[PDB]
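Enquirer: So that we are looking at the same thing, I have put the structure below in structure tokens.
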Ligand SMILES: NC(=O)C1=CN([C@@H]2O[C@H](COP(=O)(O)OP(=O)(O)OC[C@H]3O[C@@H](n4cnc5c(N)ncnc54)[C@H](OP(=O)(O)O)[C@@H]3O)[C@@H](O)[C@H]2O)C=CC1
Ligand SMILES: NC(=O)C1=CN([C@@H]2O[C@H](COP(=O)(O)OP(=O)(O)OC[C@H]3O[C@@H](n4cnc5c(N)ncnc54)[C@H](OP(=O)(O)O)[C@@H]3O)[C@@H](O)[C@H]2O)C=CC1
Ligand SMILES: NC(=O)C1=CN([C@@H]2O[C@H](COP(=O)(O)OP(=O)(O)OC[C@H]3O[C@@H](n4cnc5c(N)ncnc54)[C@H](OP(=O)(O)O)[C@@H]3O)[C@@H](O)[C@H]2O)C=CC1
Ligand SMILES: NC(=O)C1=CN([C@@H]2O[C@H](COP(=O)(O)OP(=O)(O)OC[C@H]3O[C@@H](n4cnc5c(N)ncnc54)[C@H](OP(=O)(O)O)[C@@H]3O)[C@@H](O)[C@H]2O)C=CC1
């Protein structure tokens with residue numbers, strides 16, 4: 053009959069109106085300052101552009117071994133040129149109190165050194181996966197963090213991704229029933245002309261082939277989806293001997309794991325076949341399919357039963373949670389500010405590395421390897 | 053047999069490496085400065101966060117009627133507090149030479165005044181859809197732009213969206229065959245408690261109901277998908293008389309159009325039913341389905357023939373084109389810098405408004421309205 | 053620990069075992085005998101092969117005007133050659149008591165005559181859609197059925213299709229909320245070289261173009277999905293004047309309807325664009341998409357809300373309901389045997405024909421046509 | 053302008069018309085007579101109803117150990133009661149010349165005996181998967197067939213399924229590129245109250261657990277998709293020791309295979325988790341997903357690349373190929389009549405059984421088993 057009060061009270065003249073409804077995550081502050089270490093592929097395509105969507109984090113400094121590249125990137129991102137560092141003068145960030153944390157986006161073998169160096173500079177450390185190339189180095193990093201009284205977070209972006217968290221939630225709410233089979237597959241074609249992949253062919257830098265680089269998503273994913281750790285592992289690997297890419301590292305590897313609950317998993321990683329990021333969890337009541345499972349964008353999950361497929365993915369007009377990149381960045385910031393623990397700490401990063409080494413041993417010996425070593429996931433999956 | 057040269061030449065020591073491969077759009081500059089006018093729902097959720105992904109644009113100033121809100125937003129976005137303006141002091145932006153363009157994100161009826169005022173201040177104008185609430189006002193805005201020797205762009209985000217451009221491309225490449233039927237549906241539930249919707253219930257501010265607000269996507273979309281203009285239009289509208297939201301404006305309206313080619317279209321808009329953004333184009337060789345068609349995120353297109361459904365949407369790891377928000381922003385910047393014309397100019401915005409008025413007349417009279425007035429789309433669809 | 057009793061009691065020697073679990077509809081009898089009238093496209097591809105899946109029906113006789121064709125078909129289907137009739141000797145089926153019903157699969161204009169003739173022969177009549185080409189003929193058929201004390205069923209296969217019934221169920225269970233918008237589209241390319249389509253180009257035989265043939269699915273579907281009848285109708289039609297197929301009948305037609313509940317619908321039919329069978333129902337809580345909506349096989353339904361798409365279609369190993377063809381056939385049989393009414397009676401067939409005529413009038417005059425004539429759907433939708 | 057000749061020549065009077073266009077497979081004859089052996093779950097739900105869609109086959113006789121059940125089924129299917137046999141009088145089918153072949157749908161361990169007995173009765177044999185429970189028995193069956201000069205076909209329904217054949221075709225046309233990874237998963241929850249599953253828990257009757265029953269789809273499928281045989285196999289199995297269903301047979305088993313081409317595969321079968329029939333083939337150009345892969349109905353295939361998913365499944369109005377059941381039945385008939393070889397012969401059935409035994413050995417020993425024994429697939433995959 054008549055218009056509502058709020059509609060009728062709007063002026064036809066230019067006037068100030070209130071704060072609008074948020075249908076997306078809005079910015080708060082830029083109180084946490086980061087120093088980005090290693091201006092490569094992941095850093096420039098994903099990390100550096102992910103800072104804009106953060107609610108509490110900011111890019112404070114850059115550490116790079118390419119001066120011209122660093123000067124360009126600093127200009128692109130509004131960083132002070134006086135805040136550009138190199139690998140030799142790296143330790144001088146300890147004098148800057150505006151740098152709260154350090155994000156190491158270097159190649160695998162150089163992770164430990166710079167983490168440790170950052171801990172000695174009194175900084176918090178966000179380190180990329182995989183943690184280190186050895187179990188001892190993972191331990192060294194943890195010890196150094198403890199000694200410095202700083203936080204160590206591993207860059208497991210899937211622990212902050214909405215679709216992956218949705219999947220975990222429904223599994224935890226018993227929608228699939230009793231879990232018995234998990235299947236993962238993660239692959240992408242290795243290109244040696246790409247500079248980011250050049251160190252990945254080198255065993256001394258990478259620390260392993262496809263399992264270390266992308267098989268780890270299927271490995272870490274299996275653990276968080278099941279909410280448990282494997283007690284036994286078995287594996288096989290093969291790479292074509294005439295392929296020049298696989299001289300030092302593995303192309304394809306298949307691993308099987310047994311969990312205390314009775315659950316089994318079979319997974320694989322590949323450097324020679326196209327884009328695959330597919331996870332499947334089988335329960336007695338339903339089956340969950342994640343394809344794409346661990347993408348940067350467009351992840352989709354589906355719960356299937358006979359005659360039904362219930363799918364979820366991000367909405368078309370709203371953004372109910374923030375993206376995995378911005379959320380990961382803000383997570384360390386929030387844990388530091390609020391004095392809470394980190395969801396992806398160094399012990400979690402150490403566990404994957406230890407399991408990878410066990411998988412590599414099982415593939416090498418051809419025997420099963422016991423991995424029942426009592427790792428307990430702090431704060432849940 | 054042996055490793056490739058580039059893999060073997062990588063040092064095991066920390067070293068500078070080259071510029072990495074881009075798999076996403078990287079920043080270039082921030083050479084084009086914008087003044088954002090109207091700090092509301094669209095501005096705060098979509099526009100302001102879309103600036104980060106631009107390659108040439110930057111937020112230079114803010115114009116708002118809410119000072120406290122403006123001070124908060126400026127702080128969030130790094131804007132100088134000295135660059136915050138209000139509606140009375142709006143014309144003083146002419147003194148600032150760092151402000152290149154003005155983006156008007158005000159309610160429909162206030163679009164013309166501020167556009168004209170910005171043209172008198174020597175600025176380029178990006179104006180939101182729908183252009184104005186009258187055809188004469190659209191004309192006034194165009195005249196003012198011409199007189200100022202400035203560019204006028206209407207905020208049709210779908211003209212810069214990758215999935216929508218993909219759809220146009222395949223239609224143009226004859227994948228559906230000879231086109232004969234188009235079906236569009238755009239709807240969302242109108243909430244009067246939301247402040248952004250309060251002016252939308254008012255005829256004096258909005259200039260029409262659902263067709264003006266969301267039916268325009270289906271209308272503009274039909275034209276770009278077909279690549280032609282309608283010569284005849286017919287319509288019907290209904291709103292429940294006891295619903296307090298539809299006292300001044302229309303809830304539901306259905307319109308049918310005829311094109312010179314022989315093609316027909318049937319479409320509708322609704323303020324009382326949930327999220328629908330679905331377009332369908334029927335040809336004699338294939339049928340194209342766009343659902344979601346005009347979302348902010350997650351658009352998906354599908355080409356169907358018997359036994360087949362070929363789908364496209366954005367990739368999971370790469371971002372081959374930029375998003376619709378950032379691209380729209382950068383478009384005006386690029387046209388100004390490179391001296392090229394704008395893809396969504398004022399004449400295009402004027403055409404939709406003229407067609408909407410014709411549709412409203414046809415619904416009011418119950419007779420068909422001839423719309424064969426010789427509009428030619430400059431630069432294509 | 054030990055095996056269960058039933059597993060342990062199975063002999064290792066060849067032995068008779070029980071009746072197995074049905075995961076599909078099993079045969080019961082062949083107690084209802086049908087005479088198939090008109091050995092054409094629908095009859096030979098869909099109807100005649102659909103008898104095998106019936107639980108109570110059988111093909112008893114064939115009536116055809118092509119003797120050679122009839123002799124071949126009878127041999128294919130195991131029908132007695134003595135039970136083959138022609139159009140002149142049609143009435144002699146009254147002497148056969150093994151023929152319970154007659155299924156008329158003739159062209160539209162010949163429906164009434166043969167229905168009436170079958171009623172005079174004391175048979176039940178299953179007649180194909182559309183019922184007749186006139187409202188009076190529909191009435192004549194109904195009167196004749198009443199007088200004979202026989203059942204009249206119209207061949208609306210979608211009233212016996214599992215996916216279509218599933219859709220109705222969820223709408224009725226309030227899963228979409230309050231309904232406001234329905235969109236239907238039914239099309240297929242008309243080929244004049246096909247003999248089944250040759251009578252469809254003739255107005256005297258077909259009784260109308262695309263609306264009569266395939267637009268009726270969208271019309272009947274709208275009514276059953278909404279669970280109500282339209283009180284007002286509006287329409288437009290166009291066919292290209294140089295196209296030789298559309299000299300007597302319509303190619304494309306778009307119709308809009310208003311329901312007493314407030315709901316609106318917009319739909320269309322086409323003879324010149326490819327395979328489209330798409331229905332969409334918009335509510336305030338959710339949106340239902342049926343694509344394919346009225347196929348012979350592979351129908352799929354989807355309930356969408358932001359971030360979700362819940363789909364249903366037939367299961368991969370089980371068949372919980374019978375197919376639409378067999379179920380339709382068995383329906384008339386079951387109503388006769390159990391003395392219950394038919395779900396798709398002649399009054400329902402008469403209603404569609406009356407609405408089609410109203411739609412044709414509205415398209416011809418260009419004015420809205422009131423269709424509030426008090427039709428009540430007996431036994432529900 | 054004017055109507056076409058064929059449309060204009062149609063009479064308005066009842067007249068005979070030609071043979072219509074087939075959009076589905078029509079019947080030809082019933083020249084091949086089958087004797088169905090074992091009236092159980094598969095026979096009654098899939099096989100017996102699949103005869104109706106055959107173009108050359110017919111059910112001639114029934115062999116069963118349950119007389120009451122056999123009498124009911126014969127009546128349902130129109131079989132002469134004089135043609136009902138039991139296991140003792142089985143050999144008396146040699147006197148009937150109307151019985152051309154025998155279809156053995158008995159439990160696994162009883163397959164060889166009845167096949168051999170049918171070969172001595174001068175009949176062709178269609179035998180169900182898995183061929184036998186031993187390699188020697190498979191060999192005995194082959195020898196017996198050779199000696200009788202009769203054909204032996206194994207019931208691999210997926211070799212006659214349209215979606216599975218479509219998948220093979222595109223792989224063969226190089227749409228995925230160079231193949232490197234195959235992943236299969238086949239599972240369904242084992243119910244001991246179902247009589248069909250009671251012999252499946254018994255090792256003496258079944259010959260193995262899940263791999264023998266459903267893992268074989270993933271095993272046979274991998275071979276036909278790759279178009280090659282494995283030279284090496286590795287496996288692991290686990291069943292919960294307190295579960296009463298898995299006392300004699302395996303619940304879950306995971307197997308990995310290596311092919312001469314370099315390709316790898318990882319697959320699994322399960323008796324304790326719900327309906328899964330998912331195959332994935334990874335190439336360097338694209339990835340193929342089959343889900344459902346080996347269903348009775350509704351199989352769907354999808355070719356994925358970044359930003360694209362091209363799907364295929366059966367059409368909504370046409371049926372371009374016959375179903376897997378009817379086609380399998382007609383295949384043996386056609387090979388006999390036309391003197392061509394069978395696509396799924398005994399050597400193919402023997403190969404799967406030999407590979408299964410090798411997989412069981414590898415799981416038992418925990419060592420890899422060489423399977424490079426020179427099997428050549430006759431007539432292709
Ligand atoms: N979480 C995830 O999703 C992803 C994680 N990553 C992880 O991030 C890390 C970096 O990967 P990515 O971005 O592909 O690598 P890039 O090779 O593209 O970048 C590594 C950068 O580290 C620096 N660098 C320093 N010393 C060396 C050296 N000896 N050899 C090579 N580079 C050196 C260089 O920076 P500069 O030239 O500026 O000195 C180089 O650009 C890895 O640990 C990887 O596993 C990668 C992709 C995704
Ligand atoms: N292209 C697209 O996808 C979309 C376009 N839009 C278009 O953007 C425009 C703004 O929409 P939306 O963001 O929802 O509107 P909001 O109502 O949320 O924002 C409008 C803003 O304009 C200012 N305003 C000035 N005078 C008035 C007045 N008299 N009444 C109301 N507001 C006033 C206020 O800014 P302040 O308080 O700072 O002074 C207010 O916040 C519309 O033209 C709309 O059609 C909207 C959504 C999407
Ligand atoms: N419910 C549904 O899904 C469908 C329903 N139909 C309905 O079924 C009916 C038949 O359609 P369809 O199978 O395509 O038609 P066809 O033209 O293929 O078959 C009609 C048959 O009717 C007989 N016939 C008798 N007199 C005439 C005449 N003067 N002109 C033409 N045919 C004549 C012929 O049989 P004979 O040669 O043996 O004498 C002819 O084969 C129509 O009412 C149609 O609307 C059609 C398709 C689907
Ligand atoms: N290709 C495929 O898709 C499928 C193949 N199968 C294969 O078909 C076969 C039968 O499976 P299924 O239909 O589930 O089995 P069922 O147990 O349902 O049927 C087996 C039948 O064999 C006869 N039988 C004779 N002796 C015995 C005995 N000692 N124990 C049990 N049954 C006996 C019985 O017939 P009666 O009572 O009449 O004497 C019984 O009904 C198996 O080889 C299976 O692997 C099964 C499903 C699918």
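Chains as they are written, first to last, in the UniProt record's numbering: chain A, 53 to 433; chain B, 53 to 433; chain C, 53 to 433; chain D, 53 to 433. Ideal Cβ positions, reconstructed from N, Cα and C, are used throughout, including at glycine.
1) Starting from residue 304/C, trace the alpha helix (DSSP H) both ways and give me its first and last residue.
2) Along the chain, where does the alpha helix (DSSP H) that runs through residue 193/D open and close?
3) Can you tell me where the alpha helix (DSSP H) holding residue 154/C begins and where it ends?
4) Could you name each continuous beta strand (DSSP E) segment of 3 residues or more that falls completely within the stretch 140–180 of chain C, going from the start of the chain to the end?
5) Cβ closer than 9 Å: which chain D residues qualify as neighbours of residue 139/C?
6) State yes or no: is the beta carbon of residue 320/B nearer than 8 Å to at least one beta carbon in chain C?
7) For residue 294/D, tell me which candidate among 308/A, 314/A, 306/A and 222/A has the shortest Cα-Cα distance.
8) Please find out if some non-hydrogen atom of ligand 4 comes closer than 7 Å to the beta-carbon of residue 95/D.
9) Excluding the 5 residues flanking residue 106/C on each side, which residues of the same chain have their C-beta closer than 7 Å to its C-beta?
10) For a contact defined as C-beta to C-beta under 9 Å, what are the partners of residue 360/B on chain D?
11) What are the residues that DSSP puts in a beta bridge with residue 356/D?
12) So which residues of chain D does residue 75/C contact, with C-beta pairs closer than 7 Å?
13) Tell me the DSSP secondary structure of residue 422/C in three-state form.
14) If you draw a straight line from the C-alpha of residue 80/C to the C-alpha of residue 108/C, how long is it?
15) Nearest to residue 166/B by CA position, among 147/B, 204/B, 135/B and 130/B, is which residue?
16) Alpha carbon to alpha carbon, how far is residue 276/B from residue 368/B?
17) Residue 370/C touches chain A at which residues, Cβ-Cβ below 9 Å?
18) Kindly say whether residue 118/B, judged by its beta-carbon, lies nearer than 8 Å to any beta-carbon of chain A.
19) Among the candidates 160/D, 355/D and 388/D, whose CA atom is the shortest distance from the CA of residue 260/D?
20) Determine the DSSP secondary structure at residue 282/A, reduced to helix, strand or coil.
21) My guess is that residue 115/B and residue 137/B are in contact by the Cβ rule of under 8 Å, so how many angstroms apart are they, rounded?
22) Give the range of the beta strand (DSSP E) segment to which residue 238/C is assigned.
23) Apply the 10 Å Cβ neighbour rule to residue 54/C and answer buried if 16 or more other Cβ atoms are within range, or exposed otherwise.
24) Counting contacts by CB-CB distance shorter than 8 Å, is residue 93/C in contact with chain D?
Expert: If we stick to the structure as given:
1) Position 252 of the third chain, counted from the start, is the residue given in the question as residue 304/C. Where residue 304/C is concerned, there is no enclosing alpha helix (DSSP H), although the beta strand (DSSP E) it sits in stretches over 304–311.
2) As a working mapping, residue 193/D is identified with position 141 in the fourth chain. Counting along the chain, the unbroken alpha helix (DSSP H) around residue 193/D starts and ends at 187–200.
3) In the third chain, residue 154/C corresponds to position 102, counting from 1. Secondary structure note for residue 154/C: it is in no alpha helix (DSSP H), and the uninterrupted beta strand (DSSP E) holding it is 153–156.
4) With a minimum length of 3 residues, the continuous beta strand (DSSP E) runs that stay inside the stretch 140–180 of chain C are 153–156 and 176–179.
5) Against the third chain, residue 139/C aligns to sequence position 87. Neighbourhood of residue 139/C in chain D, by CB distance below 9 Å: 65, 66, 67 and 68, in chain order.
6) Translated into positions along the second chain, residue 320/B becomes position 268. When Cβ-Cβ separations below 8 Å define contact, residue 320/B makes contact with chain C.
7) For the purposes of this step, residue 294/D is taken as the residue at position 242 of the fourth chain. With respect to the C-alpha of residue 294/D, the residue from 308/A, 314/A, 306/A and 222/A having the closest C-alpha is 314/A.
8) Locating residue 95/D in the fourth chain gives position 43, counting from the first residue. Taken from the Cβ of residue 95/D, at least one heavy atom of ligand 4 lies inside 7 Å.
9) By 1-based counting over the third chain, the position of residue 106/C is 54. Excluding residues within five positions, the ones whose Cβ falls inside 7 Å are 378, 381 and 382.
10) Sequence index remark: in the second chain, residue 360/B carries index 308 (1-based). Ordered by position in chain D, the residues that pass the 9 Å Cβ test against residue 360/B are 362, 363, 364, 365 and 367.
11) Against the fourth chain, residue 356/D aligns to sequence position 304. DSSP links residue 356/D through a beta bridge to 339/D and 361/D.
12) Sequence index remark: in the third chain, residue 75/C carries index 23 (1-based). Under a criterion of Cβ atoms nearer than 7 Å, the residues of chain D adjacent to residue 75/C are, in order, 97.
13) Counting from one through the third chain, the residue named residue 422/C turns up at place 370. Taken through DSSP and simplified to helix, strand or coil, residue 422/C comes out as strand.
14) Counting from 1 along the third chain, the entry for residue 80/C is found at position 28. Counting from 1 along the third chain, the entry for residue 108/C is found at position 56. Using only the alpha carbons, I get a separation of about 6 Å.
15) Translated into positions along the second chain, residue 166/B becomes position 114. Taking the Cα of residue 166/B as reference, the smallest distance to any Cα among 147/B, 204/B, 135/B and 130/B is reached at 204/B.
16) The sequence position of residue 276/B within the second chain is 224, counting from 1. The sequence position of residue 368/B within the second chain is 316, counting from 1. When only Cα atoms are considered, residue 276/B and residue 368/B end up about 27 Å apart.
17) In the third chain, counting from the first residue as 1, residue 370/C sits at position 318. Taking a Cβ-Cβ cut-off of 9 Å, the neighbours of residue 370/C in chain A comprise 358 and 359, given in sequence order.
18) As a working mapping, residue 118/B is identified with position 66 in the second chain. Output row for residue 118/B: interface = yes.
19) For the purposes of this step, residue 260/D is taken as residue 208 along the fourth chain, with counting starting at 1. With distances taken between Cα atoms, residue 260/D lies closest to 160/D.
20) Along the first chain, read from residue 1 onward, the residue named residue 282/A stands at position 230. Here residue 282/A carries a strand assignment [DSSP, helix/strand/coil].
21) Within the second chain, residue 115/B is the residue found at index 63, counting from 1. Within the second chain, residue 137/B is the residue found at index 85, counting from 1. Confirmed, Cβ separation roughly 4 Å.
22) Indexing the third chain from 1 puts residue 238/C at position 186. Membership of residue 238/C in the beta strand (DSSP E) is indicated by the continuous run 231–239.
23) The residue labelled residue 54/C in the question sits at position 2 within the third chain. With fewer than 16 other CB atoms across the displayed protein chains lying within 10 angstroms of its CB, residue 54/C is exposed.
24) For the purposes of this step, residue 93/C is taken as residue 41 along the third chain, with counting starting at 1. So yes, residue 93/C belongs to the interface.
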